[PDB]
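Asks: This is the structure, below, for whatever I ask next.
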Ligand code: NA
Ligand code: NA
Ligand code: NA
Ligand code: NA
Ligand code: NA
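Residue numbers (the working numbering), protein chains in the order written: chain A, 152 to 243; chain C, 152 to 243; chain B, 152 to 243; chain Y, 152 to 243.
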């Protein structure tokens, strides 16, 4: 559980650094600084307006944006699901 | 199961009192009274428009709003997942 | 599994009859006929725009609409979760 | 696990070919080519704006669109849930 929660924190920090760098200048409200980025990636992780609200507008400037966001979702939504199950199993 | 469902009710009532107090005057449709608050926090819990629809507009007035909402989500979405699993395990 | 899937079909049909009757005349695009109702309740079940898109607009006419929709969500989202888990357990 | 992930890839490719053909000319931003289709169906699978954002606008042109999209959701959202559970079980 401890290693999974740490893996997620490292993945969240690398992705938020990458997103700040990639989409900060073109999309500043969403990825203008590491903090705006970390908040956005969390929203993307919960699946809230990920495509209509974030990814589709980003793609009109960066057509390949899906290469970053889709894997991010596939990885984080899996890790979170694994972490939540891991806590319950250990609690029993 | 009984203790988990009671923990959630107490957490939902404390958060809806806190939200009424914090964002009631600035965002009255969403947190103007305990009832509007309880309904909103449920919507936030289901993840429906949590960021684009509620949290981002709230943040333009209260920049730290994420300190309240993100933990609320992390706690309630975990407890609900734990409660739903708990019912099935006991049913077997 | 068979009894759970049948319970859900009966619950979906009763709710879609109730919604047609309650919100059909005031909200015809969403609940104007049993079929429009069944499609909407499915959208509500998946959690897609349930509050911002459906429930909040319905509440401006019917303030208690939450007494119908919130329990519907709590019941159907639990039954579906139970049904999906039930299929996997039986498959092993 | 390997057979489930392969089943999903085949289902995603058949559906994205079908959607290109069915709704490409009438809805080109969403289904104009196999790639736009694959990206959209993924968004539909995550449940993000599936009805308000995609299915309801598509239905104003193609009233039966629900015969394609609802089963697609029921199948893919089940397979993904089964695949994610399958990985954890094998990991133990
Ligand atoms: Na959801
Ligand atoms: Na939404
Ligand atoms: Na959603
Ligand atoms: Na979701
Ligand atoms: Na949405």
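We treat Cβ as the ideally placed atom computed from N, Cα and C, and that holds for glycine.
1. Looking at the C-beta of residue 204/C, does it have a partner C-beta in chain B at a distance below 7 Å?
2. Fully enclosed by the region 154 to 196 of chain B, which alpha helix (DSSP H) runs are 4 residues long or longer?
3. With a 10 Å radius around its C-beta and 16 neighbouring C-beta atoms as the bar for buried, classify residue 195/Y as buried or exposed.
4. Check whether the region 194 to 213 of chain C and the region 222 to 232 of chain C are in contact - that is, three or more C-beta pairs closer than 8 Å.
5. Would residue 202/C and residue 199/A qualify as a contact pair, given that the criterion is a beta-carbon distance under 7 Å?
6. By the 9 Å beta-carbon criterion, what residues does the region 221 to 236 of chain B contribute toward chain C?
7. Which term fits residue 204/Y, buried or exposed, when burial requires 16 or more other beta carbons within 10 angstroms of its beta carbon?
8. Got a sec: is the Cβ-Cβ distance from residue 217/B to anything in chain C below 7 Å?
9. Have a look at 243/A, 156/A, 233/A and 175/A and flag the residue whose alpha-carbon is nearest the alpha-carbon of residue 216/A.
10. Rounded to whole angstroms, what is the Cα-Cα separation between residue 156/Y and residue 208/B?
11. Does any residue of chain C bring its CB to less than 7 Å from the CB of residue 181/B?
12. Note down, in chain order, all residues in the region 183 to 203 of chain C with a beta-carbon under 9 Å from any beta-carbon belonging to chain A.
13. Do residue 200/B and ligand 5 come close, with the Cβ less than 6 Å from some heavy atom?
14. Return the chain-ordered list of same chain residues with a C-beta closer than 7 Å to the C-beta of residue 233/Y, the five sequence neighbours on each side being excluded.
15. So residue 236/C packs on residue 165/A, CB below 8 Å; how close in whole Å?
16. Exposed or buried, which one is residue 160/B when buried takes at least 16 other CB atoms within 10 Å?
17. From what residue to what residue does the alpha helix (DSSP H) around residue 209/Y run?
18. Determine the direct distance from the alpha carbon of residue 189/A to that of residue 242/A, and round the result to whole angstroms.
19. State the DSSP-derived secondary structure class of residue 198/B, mapped to helix, strand or coil.
20. Interface residues of chain B around residue 239/C at Cβ under 7 Å?
21. So, using beta-carbon positions, are residue 171/B and residue 178/B closer together than 7 Å?
22. Look at the alpha carbon of residue 228/A and the alpha carbon of residue 206/C, and state the distance between them as a whole number of angstroms.
23. Out of 185/A, 173/A and 153/A, state which residue places its alpha-carbon closest to the alpha-carbon of residue 212/A.
24. Determine the extent of the alpha helix (DSSP H) in which residue 242/Y is found, giving its start and end residues.
25. Enumerate in chain order the residues of its own chain whose CB-to-CB distance from residue 152/A is below 8 Å, with the five nearest sequence positions on each side excluded.
26. By how many angstroms is the C-alpha of residue 158/A removed from the C-alpha of residue 231/A?
27. Using a Cβ-Cβ cut-off of 8 Å (strictly less than) and excluding sequence neighbours within five positions of residue 162/A, which residues of its own chain qualify?
Replies: Here's the rundown:
1. By the rule that beta-carbons nearer than 7 Å mark a contact, residue 204/C touches chain B.
2. 179 to 182 and 185 to 196
3. Its Cβ being crowded by 16 or more others within 10 Å, residue 195/Y is buried.
4. yes
5. yes
6. 221, 224, 228, 229, 232, 233 and 236
7. Burial check for residue 204/Y: the Cβ neighbour count within 10 Å reaches 16 or more, so the residue is buried.
8. yes
9. 175/A
10. 40 Å
11. For residue 181/B, no Cβ of chain C is located within less than 7 Å of the residue's own Cβ.
12. 198, 199, 200, 201, 202 and 203
13. yes
14. Listed in chain order, the non-local C-beta contacts of residue 233/Y below 7 Å within the same chain comprise 155, local neighbours out to five positions each way being set aside.
15. Between residue 165/A and residue 236/C the Cβ distance is about 31 Å, and since that is not below 8 Å, they are no contact.
16. Exposed.
17. 207 to 210
18. 29 Å
19. coil
20. 233 and 236
21. no
22. Approximately 21 Å, taken between the alpha carbons.
23. The residue with the shortest Cα to Cα distance from residue 212/A is 173/A.
24. 217 to 242
25. 234, 237, 238 and 241
26. Their Cα atoms are separated by approximately 11 Å.
27. 226, 227 and 230
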